[PDB]
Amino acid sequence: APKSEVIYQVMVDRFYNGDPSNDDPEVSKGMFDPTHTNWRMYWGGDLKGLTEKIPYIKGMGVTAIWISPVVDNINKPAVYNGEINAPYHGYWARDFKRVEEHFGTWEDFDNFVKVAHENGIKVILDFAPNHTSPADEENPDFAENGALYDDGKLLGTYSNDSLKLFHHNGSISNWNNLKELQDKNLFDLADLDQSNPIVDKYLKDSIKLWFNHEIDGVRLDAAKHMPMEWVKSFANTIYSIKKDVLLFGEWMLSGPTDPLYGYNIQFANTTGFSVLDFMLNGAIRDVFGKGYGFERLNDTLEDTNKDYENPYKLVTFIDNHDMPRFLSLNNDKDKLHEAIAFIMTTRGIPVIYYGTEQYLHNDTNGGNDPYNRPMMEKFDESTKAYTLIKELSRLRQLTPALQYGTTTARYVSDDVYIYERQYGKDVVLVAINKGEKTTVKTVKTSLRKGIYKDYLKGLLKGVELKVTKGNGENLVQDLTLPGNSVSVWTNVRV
């Protein structure tokens, strides 16, 4: 009876500012914008603020918070074209053994973990061991020159790499060559050389430190840019210190025809890390955000379920901090609700990017980075999306069928998708109609004969199901699905 999870993804600087005293710390001053009009500066969200909002997050049935990296990031900005670029997102580390002072101290981090755990919520740390920070090997005055510190002790810089901590191979230019992706710099980010025993020990010591502060898992940033065999050894290190851990990597795929898809599969099948589900994400955005027919979604789903050895550990999502938010792609709240209902009732672990439930989006530059990281604005626990996100996670706790069940398509047309999830005798049947009101002629199901009410109680216009005994598979006849509706039927007692 494995535990089912539901993840909430928080960019700390953009979520809630609970402490004004760390907005603009003396050691790293001048990268804070109180007005929230320069989108590349720190805006002030912090660990105290996130801790204060744990009840709000718990109210959605979230079981785990994926926190953006909270390791100490560079204390001087990367100035390009005179533009101040602050490491507000956390992906430009200077010290993997310290907490970022804009977000808090070790005590603030321990309190956050304490309160999360008291609420039944795991802490998943976004960890980015591929690189430190932007560097120019010929200009040590730019940013912090990729500096790596060990709990305040400087280990070296990109321009003076006495310990040979970094690759000095230029930047990635051939993005389909695996060796280039691993051994060169992602943009101007100083690439760490995990083959160096110094770097290898440092990163493994660092992750042990964070697990000493009782985190529950890791989201591995830039997983395609490190040697697969090193990542596997990193996973082994983690497994040796905590058995019940949630490990998944960000292996970006560009689309259905990504030449490296097979390495992504190998990674997910062998390293000990699962992966974020970019194949399914593309189909989700195609069919709910771009008008494609459900055959695309169901086809992608069937493919991923046979390619990955453990699809039940894929981490699914509709948007994130590296792509436009769903509402920037298609400002349709009904389509958003349908996509949420889909990932919540689909195998694996669904992710809600913070503020989705508040319909948060900024459409500047198409909603792309940085505008997909707006400040959280409201904490309204009565929105339709909040209610939806809180109800379906309850079904995940009542049956493994949603995270761990088989998937059987019962009806696939352009705008109607009826699929069935089964685990043991547990069955959940879901019908999504993203088009106009229509009547489906015949659907088979393994639900027993009877009348099933909509689990969502009409929240998304759902309707009852009249299942007749078929002898063999049971039958529904002449089912009328309202326009823009989701109906969820289950034999699991609620």
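Numbering starts at 1 and follows the sequence shown.
Trainee: Could you check the entry and say whether 471 to 479 or 12 to 20 has the higher mean CA B-factor?
Mentor: That would be 471 to 479.
Trainee: Averaging CA B factors per stretch from the PDB record, which one is higher: 174 to 182 or 124 to 132?
Mentor: Per the PDB record, 174 to 182.
Trainee: According to the deposited entry, which of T316, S328, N111, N145 has the largest Cα B-factor?
Mentor: Most elevated C-alpha B-factor of the set, per the entry: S328.
Trainee: Go through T356, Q403, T271, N298 one by one and give the residue whose Cα B-factor in the PDB entry is largest.
Mentor: In this record, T271 carries the highest C-alpha B-factor of the candidates.
Trainee: Pull the Cα B-factor of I451 out of the PDB entry and bin it into the chain's lowest, middle or highest third.
Mentor: Its C-alpha B-factor, which the entry lists for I451, ranks in the middle third among residues of this chain.
Trainee: Lowest, middle or highest third: where is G458 by C-alpha B factor in its chain?
Mentor: It falls in the top third of the chain.
Trainee: Looking at the temperature factor on the CA atom of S393, which third of the chain's modelled residues does it land in?
Mentor: According to the entry, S393 has a C-alpha B-factor in the chain's middle third.
Trainee: Going by what the PDB entry lists, where does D72 fall on CA B-factor within its chain: lowest, middle or highest third?
Mentor: Lowest third, going by the recorded CA B-factors of the chain.
Trainee: Please say which third, lowest, middle or highest, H321 falls into when its CA temperature factor is compared across its chain.
Mentor: For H321, whose C-alpha B-factor we compare with every modelled residue in the chain, the answer is the lowest third.
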